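Every residue, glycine among them, receives a Cβ derived from its backbone with ideal geometry; neighbour counts consider all protein chains shown. Only the coordinates and a few stated rules stand behind these numbers; no lab work does.
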Amino acid sequence: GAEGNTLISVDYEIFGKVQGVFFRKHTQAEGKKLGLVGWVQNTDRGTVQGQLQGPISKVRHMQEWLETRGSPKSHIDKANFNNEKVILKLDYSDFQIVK
């Protein structure tokens with residue numbers, strides 16, 4: 001087991017060539033690696049908002065993975081997170097893709 005998994009909450013946002021791409025399909029796979037919950041979708045403007053929820057032990061790595069790694073058709077012109085804080089625990093059951 002572990003000492004303590006301080007569950008935290010935080011969102012993300014990517015800009016560039018992450019609009020007309022089906023990269024979201026891959027997000028469902030990589031999301032299982034670390035083991036987190038949330039969803040995937042796009043906005044009316046032209047960006048992808050992925051609300052990731054999990055322990056700092058997994059989020060700390062996810063932040064330095066989605067901003068760097070990624071398909072060749074997903075240029076990350078700008079990557080930044082928001083709404084970073086600690087909470088009781090996750091509010092979902094698993095990850096899923098939303099079209």
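Here are a few things to note about the model shown:
- Count of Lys pairs (Cα-Cα under 16 Å; at least 8 positions apart or interchain) in the chain: 10
- Two-site FRET efficiency, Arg45 against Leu90, from Cβ-Cβ distance with R₀ of 35 Å, rounded to 0.05: 0.80
- Relative to the longest principal axis of the Cα atoms of the chain, helix 56-66 runs at roughly 10 degrees.
- Across the stretch 56-96, the residues whose backbone nitrogen lies under 18 Å from the label position 7 Å along the beta-carbon direction of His26 are 62-80, 96.
- Helix 24-34 axis versus longest C-alpha principal axis of the chain: approximately 20°, rounded to the nearest ten.
- Listed residues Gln51, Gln63, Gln41, most fluctuating in the chain (Gaussian network, C-alpha, under 10 Å): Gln41
- Dipole moment magnitude, nearest 20 debye, the chain about Cα centre, only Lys, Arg, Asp, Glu C-beta charged: 340 debye
- Per residue convex hull volume, Cα atoms of the stretch 14-99, in Å³: 98 Å³
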